[PDB]
Amino acid sequence: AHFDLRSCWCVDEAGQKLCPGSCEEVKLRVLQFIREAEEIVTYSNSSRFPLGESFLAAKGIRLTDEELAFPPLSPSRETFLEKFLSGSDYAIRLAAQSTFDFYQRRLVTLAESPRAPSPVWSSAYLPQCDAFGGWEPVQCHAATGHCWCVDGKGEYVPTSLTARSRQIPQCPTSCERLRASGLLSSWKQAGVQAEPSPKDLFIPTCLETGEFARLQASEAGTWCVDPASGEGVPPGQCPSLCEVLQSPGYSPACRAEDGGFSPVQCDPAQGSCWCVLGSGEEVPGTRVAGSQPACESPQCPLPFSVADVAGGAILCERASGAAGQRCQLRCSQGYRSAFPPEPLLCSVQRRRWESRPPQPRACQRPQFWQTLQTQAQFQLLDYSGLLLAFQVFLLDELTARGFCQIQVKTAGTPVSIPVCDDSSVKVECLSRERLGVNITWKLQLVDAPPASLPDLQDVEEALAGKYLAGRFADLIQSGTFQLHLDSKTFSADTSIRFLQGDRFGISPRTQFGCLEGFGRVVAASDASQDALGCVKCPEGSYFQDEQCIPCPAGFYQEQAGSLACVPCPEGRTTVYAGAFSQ
Amino acid sequence: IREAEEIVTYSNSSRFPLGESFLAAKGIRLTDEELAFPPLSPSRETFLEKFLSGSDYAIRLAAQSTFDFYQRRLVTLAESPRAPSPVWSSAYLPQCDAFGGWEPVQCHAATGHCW
Amino acid sequence: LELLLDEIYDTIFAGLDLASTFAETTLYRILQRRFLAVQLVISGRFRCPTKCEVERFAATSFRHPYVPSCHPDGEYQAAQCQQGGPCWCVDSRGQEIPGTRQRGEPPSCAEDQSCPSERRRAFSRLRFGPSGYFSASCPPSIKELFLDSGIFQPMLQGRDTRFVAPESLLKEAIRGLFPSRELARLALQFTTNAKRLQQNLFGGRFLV
Amino acid sequence: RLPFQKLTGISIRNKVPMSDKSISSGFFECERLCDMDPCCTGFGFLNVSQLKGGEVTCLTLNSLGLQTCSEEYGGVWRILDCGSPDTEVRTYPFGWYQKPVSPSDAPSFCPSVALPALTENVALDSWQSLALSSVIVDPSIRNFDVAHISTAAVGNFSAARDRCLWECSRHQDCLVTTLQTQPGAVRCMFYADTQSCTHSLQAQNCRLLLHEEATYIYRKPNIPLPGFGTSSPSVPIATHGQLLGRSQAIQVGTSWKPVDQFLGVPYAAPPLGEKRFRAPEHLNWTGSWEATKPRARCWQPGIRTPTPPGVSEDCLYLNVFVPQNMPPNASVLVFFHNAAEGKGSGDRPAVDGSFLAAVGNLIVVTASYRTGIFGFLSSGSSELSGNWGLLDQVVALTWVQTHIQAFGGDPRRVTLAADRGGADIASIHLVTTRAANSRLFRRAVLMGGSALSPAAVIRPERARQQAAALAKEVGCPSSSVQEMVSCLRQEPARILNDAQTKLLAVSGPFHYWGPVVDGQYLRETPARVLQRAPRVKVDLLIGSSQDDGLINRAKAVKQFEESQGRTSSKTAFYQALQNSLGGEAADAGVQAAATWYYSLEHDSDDXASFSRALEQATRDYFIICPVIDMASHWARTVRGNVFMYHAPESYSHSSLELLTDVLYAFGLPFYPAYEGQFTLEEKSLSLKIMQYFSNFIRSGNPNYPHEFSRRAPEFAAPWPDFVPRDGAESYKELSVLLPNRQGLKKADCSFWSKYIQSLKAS
Amino acid sequence: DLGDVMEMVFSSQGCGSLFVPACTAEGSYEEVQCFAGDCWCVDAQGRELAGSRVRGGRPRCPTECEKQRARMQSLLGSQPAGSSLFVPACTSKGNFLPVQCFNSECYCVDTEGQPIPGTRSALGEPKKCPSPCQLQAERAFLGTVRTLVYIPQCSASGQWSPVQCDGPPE
Ligand SMILES: *[C@@H]1O[C@H](CO)[C@@H](O[C@@H]2O[C@H](CO)[C@@H](O[C@@H]3O[C@H](CO)[C@@H](O)[C@H](O)[C@@H]3O)[C@H](O)[C@H]2NC(C)=O)[C@H](O)[C@H]1NC(C)=O
Ligand SMILES: *[C@@H]1O[C@H](CO[C@@H]2O[C@@H](C)[C@@H](O)[C@@H](O)[C@@H]2O)[C@@H](O[C@@H]2O[C@H](CO)[C@@H](O)[C@H](O)[C@H]2NC(C)=O)[C@H](O)[C@H]1NC(C)=O
Ligand SMILES: *[C@@H]1O[C@H](CO)[C@@H](O[C@@H]2O[C@H](CO)[C@@H](O)[C@H](O)[C@H]2NC(C)=O)[C@H](O)[C@H]1NC(C)=O
Ligand SMILES: *[C@@H]1O[C@H](CO)[C@@H](O)[C@H](O)[C@H]1NC(C)=O
Ligand SMILES: *[C@@H]1O[C@H](CO)[C@@H](O)[C@H](O)[C@H]1NC(C)=O
Ligand SMILES: *[C@@H]1O[C@H](CO)[C@@H](O)[C@H](O)[C@H]1NC(C)=O
Ligand SMILES: *[C@@H]1O[C@H](CO)[C@@H](O)[C@H](O)[C@H]1NC(C)=O
């Protein structure tokens with residue numbers, strides 16, 4: 001009957017009373033851990049407990065509430081004590097996590113003198129889930145730069161662990177993993193699941209996007225499955241993913257042609273109405289929180305005979321009224337536009353793009369921050385001459401005294417991390433006999449050894465501490481830095497200053513950046529907010545100056561992450577900009 | 001007794017997190033450089049050394065300061081249930097003669113035991 | 001050394017085809033190993049002098065102020081010194097490591113220092129959080145295959161002798177006798193019993 | 001200098017003789033001739049016409065074509081062009097030389113040169129393209145070959161790909177081709193079988209092992225053998241006809257694998273009537289043999305008096321378990337086993353080889369054979385030599401040598417296995433010169449038995465006495481061997497089996513039948529044969545269970561005795577103690593020494609305690625210490641690789657007659673018939689042990705699935721070699737943690753092998 | 001290379017959750033390491049010693065005498081039966097005993113276990129040794145002299161004087 005008249009909850013597979021998907025269920029435990037660790041900090045500022053009571057719990061002794069004669073309070077002693085009576089690894093992580101957070105807040109509030117607070121994306125590992133509570137095949141930890149593959153149920157896939165690579169690895173979906181293994185070894189799936197014959201066994205068929213195809217077949221016959229999981233047997237000529245869901249909070253309204261999600265979805269209660277992909281996942285930037293969110297498709301065709309935008313889609317407003325049909329390119333979740341935001345305008349009447357045509361290959365995969373940078377300034381104590389010689393001479397003197405390498409005190413052999421290049425030293429003439437010198441140390445994270453510098457905080461302190469920047473400030477403040485140039489001596493002044501984001505301070509601050517071929521998509525200031533700040537310049541593009549710029553008309557580029565655009569043959573040209581093939 | 005009352009003192013003006021003594025009991029102490037914590041007059045080291053050695057001295061010290069914290073509070077917030085303990089029921093204090101020697105009789109008032 | 005070819009035997013260890021170069025023949029390998037054995041008797045080492053030892057010898061001969069100091073296995077010592085002068089730390093090439101120049105004491109040349117890296121790895125393991133796959137210990141398979149089986153232990157100690165081999169003698173011997181994995185694989189192909197191995201490698205019972 | 005020795009499709013610019021010069025001068029000229037030609041990409045300095053003595057030659061080239069036959073690669077497995085005897089290009093400084101690779105091309109006037117076009121097309125759709133997530137880089141890989149294609153010799157990548165896919169398609173042992181772009185060339189790599197699977201209780205994930213990263217990976221799908229492909233496989237058997245099997249789906253975790261099963265395949269004529277107590281004979285069958293049901297099992301002591309339907313003298317059959325879509329030339333396990341059934345049905349074999357075959361990716365053959373009197377009755381002489389059941393095992397092994405290719409197995413990759421009694425019986429094949437001259441097997445798995453057992457062979461006079469006692473028990477005459485055999489050949493099998501069960505009781509005469517030295521198959525006792533120098537190498541995996549013992553092995557005989565009205569009287573205790581440790585196994589001194597060492601009380605009445613002490617005494621003497629002696633001898637004399645296990649005591653599954661090592665190694669926790677009887681920890685332990693045993697069958701080392709890969713095992717801890725020296729002697733303990741331990745039963749086996757073997761030597 | 005394999009196996013002799021090693025300011029292992037209520041002593045490479053681990057407490061790590069005693073006792077197990085090789089005697093706190101004897105000859109020794117000249121005698125003949133205050137005092141007259149390149153005060157009889165003073169000696 002399935003009638004509702006009683007209290008309900010969600011339960012595990014073995015009756016644990018705890019509906020969430022696998023990844024989302026694991027995700028909720030980590031969110032509980034953070035909340036408890038912050039409750040410990042909360043109770044540690046308003047003094048409700050003695051300092052030594054957690055030590056007493058760690059030794060197995062707890063004082064019952066009757067023998068204390070302590071009238072119960074809303075934050076009962078029991079809530080705090082249970083966390084620490086079980087001397088498990090959970091309590092040790094909980095006590096550690098709350099211990100840093102207590103001190104880091106205090107240090108900051110009393111006097112934020114020494115250094116910067118940690119980026120808010122360096123925290124406990126949080127599982128990354130898809131739109132339907134399942135595991136995303138790629139799992140990453142920003143605080144260490146570690147990425148790995150998991151299978152359909154979140155188990156680590158052997159030898160898939162990578163550390164601080166330029167490209168985030170590719171991990172097969174559950175369908176693709178099952179299909180490739182089935183083709184190699186004939187380890188198959190069962191169609192009937194109870195006493196299967198060899199004709200009931202099948203190898204899953206996958207859509208090119210990595211999803212299970214709606215119809216799976218064996219020699220016994222065919223049947224329908226859930227696209228997000230092959231579980232199948234949806235008993236509601238195969239039900240669409242929406243139709244399976246239709247019989248995500250509010251149930252989605254879907255289009256009659258095939259069953260694909262209608263472009264405009266809505267929340268009946270909350271006022272939010274937004275757009276969705278063909279998959280049914282939400283476009284990240286479309287929640288309108290109002291009627292008729294701009295979900296309309298363009299009337300102008302794409303620039304170079306391309307069928308559809310790869311990652312995102314071009315979502316216009318309603319047909320405008322004069323002929324603009326204002327549109328904008330919105331990339332899907334897990335994608336960013338390589339080129340900066342643009343407003344696109346379409347000629348409904350010419351039927352051609354009046355504005356710059358949209359870039360079909362813009363939306364790309366973001367990557368982690370790839371470089372760290374610190375900058376210091378000192379002064380060397382004629383004009384209207386070629387100073388670029390002094391840029392080479394100063395770099396040589398810095399190299400000679402070991403200020404262009406980081407030496408890491410490892411166990412055996414020490415690795416050396418190079419932190420200079422030909423652009424590291426810039427000199428400007430300020431006044432007679434006093435030159436102005438800029439020194440910039442840039443560490444590429446792919447060179448920092450993950451075994452000696454585990455966290456990105458360890459990398460920052462190696463670059464802005466006693467081995468590189470603290471050791472250089474002392475040398476300048478002493479007075480023993482002089483440059484030998486044809487029997488002439490250029491001794492340096494004792495004053496040294498550090499860049500701190502447009503305010504020269506007295507302490508070095510690091511700044512995140514991207515590698516040579518990768519364009520910035522996150523501003524420098526809010527690099528503490530978002531960890532994915534680098535996208536590779538796409539096929540239609542070249543790199544200059546931290547941005548990815550589309551090949552101009554008459555030029556084409558075919559390989560991504562390039563520094564120039566190949567010209568077309570003298571007899572030919574390109575109709576639009578951003579051409580991406582011969 | 002003085003150390004046990006210092007623990008109560010630091011437990012009212014919040015200078016330490018509640019879980020740091022638990023961390024010390026497990027053998028993990030956070031050094032002052034990695035916290036980037038500028039030293040204060042009641043340095044973290046004074047409190048932590050008492051609890052890193054997981055000896056019987058620390059267990060008695062943590063217990064003694066735990067009752068005293070709650071008994072003061074219970075009284076200050078609302079002295080409803082019962083009377084405070086007699087101030088002569090405390091840790092055993094050796095009874096000495098006028099010249100620092102042991103008195104042949106030793107007694108513990110809190111238990112009524114003499115030897 | 002003048003090595004005489006009149007009384008050298010023939011050997012079982014060999015390839016299927018004749019070597020491309022003389023450096024890949026059994027003739028060169030036999031001469032090289034006999035040379036190393038004589039080096040062992042006349043110098044204490046189953047090898048030729050290292051870069052450190054050559055420079056130390058030249059400095060002592062010409063009485064230079066800075067004499068490099070070497071470990072008995074030939075490696076540069078971490079702490080180098082000048083006569084009544086400054087002290088510093090060097091790398092494996094004997095080149096001074098920047099920022100380590102002390103004055104009076106033999107410098108605190110960082111030799112073991114496994115702790116601060118170990119301590120950092122433990123903190124990053126603590127901070128990872130409760131659930132999820134993580135980011136002095138035995139290297140994989142080494143203990144089981146080499147030490148659980150009891151293969152290594154008879155190699156280390158003398159048989160009917162109190163002589164205990166230094167680690168350098170064992171490392172020098174394996175390098176001198178088998179320059180590559182492919183040559184050691186050839187020896188295993190043609191050596192049935194180990195009582196024949198020295199005779200094949202040296203063209204005779206040379207070590208006695 | 002190129003590492004490649006053979007170039008195909010080259011383009012020559014000039015040919016210059018250099019025989020009137022020194023080799024150094026000719027090389028110097030050849031270098032400067034290619035310098036002067038702006039279109040020269042390299043030269044050859046070589047001897048041509050080497051069969052007539054060789055002529056020094058300089059060849060300037062404007063294309064190197066397809067470069068093959070590297071000296072660095074193709075060591076174990078070569079597929080490409082090699083061995084041109086009319087040319088000498090190896091000896092220094094001969095070789096093919098390349099002008100240094102530059103991204104600046106030759107002058108535009110240089111002739112265009114391209115590799116000759118392929119005679120037939122390449123589908124690209126008959127090849128499976130693999131992603132990088134389906135591969136593992138393993139630099140220990142050795143069974144691969146390499147070719148290089150000059151980047152100027154192919155118009156584009158598609159031409160290079162079709163050339164390299166064509167080379168692999170011509171060789172049937174080439175399974176995988178990978179392509180990778182180098183600055184100067186396209187590097188093609190060709191692989192044999194390199195598959196590696198991760199086994200768990202959820203899903204079985206399999207990957208390819210490659211020597212290095214590559215950009216494109218193409219795999220050739222496995223084509224089924226002529227009779228395979230459907231759920232009614234029909235395999236041609238040469239000189240016989242068709243063999244018709246069935247297909248079964250096998251579940252491990254949440255994955256399913258189809259395995260083809262051929263049940264009840266005859267390997268000899270039924271030994272009935274005049275064929276009783278005779279050597280096995282060829283069975284001439286033609287047409288179609290229906291191989292979908294298990295056949296009858298052989299007579300064994302203690303069969304129940306209401307004869308079960310599956311007991312017969314017609315029992316010389318084998319079962320073949322073939323997983324679908326294996327790579328060619330699979331390794332083969334031949335496991336000899338007579339089931340003491342009562343639980344196995346008429347449609348399911350008692351030992352199902354499907355799970356080990358599927359997990360191990362190999363072929364399992366289980367065969368039955370004559371045991372007891374039917375397999376070993378002997379008069380101690382040429383009149384009734386005996387060893388009839390040993391000759392069954394030889395015939396069954398010869399059948400595998402003849403016929404296994406048709407199922408897809410390599411006759412050179414056969415492992416012989418047996419358990420308990422058969423391990424003692426099957427270990428005789430290791431000391432017979434005929435079994436080595438026939439190369440019937442390459443490896444052996446002995447599970448609880450050894451050739452150094454005190455009961456391995458029966459002395460000829462004991463056999464004559466034992467034959468007469470059976471004649472006397474059934475009413476036959478013992479006066480002449482020919483007269484006694486005739487009367488025993490007319491008896492019912494039920495009557496003969498009741499007589500042998502009565503005489504086999506340890507509390508009675510202890511008349512056990514086994515192999516005898518006959519002077520034909522077995523020329524001398526196993527101890528003498530093993531003192532000789534080995535002729536061939538055989539890898540040995542050997543072990544024992546703490547739950548084994550003589551009484552455990554004879555529980556059916558004991559049950560029969562009780563049903564006949566014979567209990568443990570005091571003389572039963574007496575005979576049990578003397579028979580166990582005696583009968584050529586003890587004088588009056590060995591019995592006293594063992595009595596002291598094991599606290600054996602001859603004149604007790606507590607059958608429980610006395611049996612426990614005796615079972616501990618006889619397990620060491622008959623089972624555990626002979627296993628350790630054989631492993632030590634096999635390692636000390638370099639007869640092959642030795643690996644030892646020990647299965648510690650269990651209390652969990654006494655209803656099953658299989659001991660712990662066979663139950664785990666064959667995967668009984670995964671059998672559908674035992675659902676609900678095993679924990680997930682026993683399933684997980686069994687899956688690991690099947691990977692150990694599969695690895696040994698495939699490569700002769702329980703740590704490695706492939707002979708030419710040495711990637712460390714990940715499913716469990718590595719299994720050490722057995723080194724026969726004090727302080728070493730390591731073994732794998734078959735417990736949940738699979739630890740490595742040292743010196744099994746060191747004190748107890750010293751007593752038997754040193755002190756007792758010296759009491760018997762005086 | 002195969003020489004590297006030999007070094008890796010040699011290093012791996014004696015090899016092995018949320019344990020955090022404690023380091024010194026100079027980057028060396030603190031010689032006492034503790035986790036989850038246990039504490040043990042470690043060497044320079046941070047390897048636990050066999051008998052150091054003590055539950056619910058902090059161990060005292062081996063001293064000079066204790067290490068010599070454990071070394072001489074692993075070689076008295078190679079000497080023949082009825083034979084004596086010297087073995088130093090150590091107090092419970094690790095210090096040397098005042099008198100050491102061997103083949104019926106006895107010496108007074110200092111805190112480093114070195115014979116004091118003029119103190120030898122025969123076993124069975126009582127010998128007056130310098131007091132522990134006299135030895136730590138002398139041993140510190142040259143702690144001072146070495147550094148230029150308090151020292152302890154001994155009440156009558158060599159018994160430590162209850163009042164002790166700091167500074168240069170006088
Ligand atoms: C490449 O070809 C050249 C020329 O054909 C080879 O040189 C020739 O080598 C043979 C034998 O090695 C020499 O023949 C004679 O051998 C007898 C032995 O019976 C010896 O007594 C003579 O003194 C002489 O060596 C021949 O002189 C020699 N020719 C020249 C011009 O040197 C060469 O061996 C070939 N290289 C390879 C690697 O095959
Ligand atoms: C001293 O050495 C000679 C020479 O032996 C050869 O050269 C050695 C360096 C070593 O490589 C040996 O294996 C070589 O055989 C010995 O004389 C030889 O002795 C062996 C066995 O006695 C005999 O077979 C050879 O024919 C002998 N050869 C000659 C030229 O005499 C000699 O025995 C050695 N002396 C001692 C005391 O060992
Ligand atoms: C040395 O570094 C300083 C700080 O980065 C540079 O000063 C900046 O110059 C840019 C470009 O002229 C301005 O937009 C910023 O506002 C300046 N910042 C500050 C704090 O002055 C300076 O130009 C550098 N000198 C050289 C020669 O490169
Ligand atoms: C503690 O709480 C007070 C308010 O009661 C607040 O002002 C202060 O900032 C807090 N200190 C922290 C969170 O470190
Ligand atoms: C804590 O300190 C405050 C003053 O800061 C005091 O008023 C209060 O009574 C104290 N609480 C105790 C000692 O429990
Ligand atoms: C590659 O070259 C071949 C050579 O004939 C020819 O098919 C064509 O030029 C190219 N084909 C492709 C698919 O690039
Ligand atoms: C199996 O091996 C044989 C000999 O090694 C070889 O000739 C054959 O090609 C291989 N493959 C098949 C399918 O027989």
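Convention: sequence-line order gives letters A, B, ...; per-chain numbering from 1. In listed order, ligands and their atoms are each counted from 1. We use all heavy atoms of the structure for the numbers below, so side chains are in, but hydrogens, waters and symmetry mates are not.
- Heavy-atom minimum distance, A/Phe555 versus A/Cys565: CD2-O, 3.4 Å.
- At the top of the distance list for atom 11 (N) of ligand 6, counting protein heavy atoms only, stands D/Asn156 ND2, 3.3 Å.
- The backbone N or O of D/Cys40 lies less than 3.5 Å from a partner atom in the side chain of D/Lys99, making a donor-acceptor pair.
- A donor-acceptor pair shorter than 3.5 Å can be found between the side chains of A/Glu36 and A/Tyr90.
- Protein heavy atoms come within 4.0 Å of atom 2 (O) of ligand 4.
- For atom 14 (O) of ligand 4, a protein heavy-atom neighbour is found at a distance under 4.0 Å.
- Ring pair D/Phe4/D/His148 is tilted by interplanar angle, where 30° to 60° counts as tilted.
- Note that atom 7 (O) of ligand 5 has no protein non-hydrogen atoms nearby, at separations under 4.0 angstrom.
- Set against the non-hydrogen atoms of A/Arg106, the atoms of ligand 4 under 4.0 Å away are 14 (O).
- The cationic group of B/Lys26 lies under 6.0 Å from the six-membered ring centre of B/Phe22 and within 45° of the ring axis, placing it in a cation-pi geometry.
- Listed by number with element, the atoms of ligand 4 under 4.0 Å from a non-hydrogen atom of A/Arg105 are 13 (C), 14 (O).
- Checking only distances, B/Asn12 does come within under 3.5 Å of ligand 5, N or O to N or O.
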Between A/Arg77 and A/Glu53, is a salt bridge (charged side-chain N to carboxylate O under 4.0 Å, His left out) present by the stated rule, with each step listed?
CA-CA 10 Å; A/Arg77 282 178 55 254; A/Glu53 210 186 6; 3.0 Å; yes
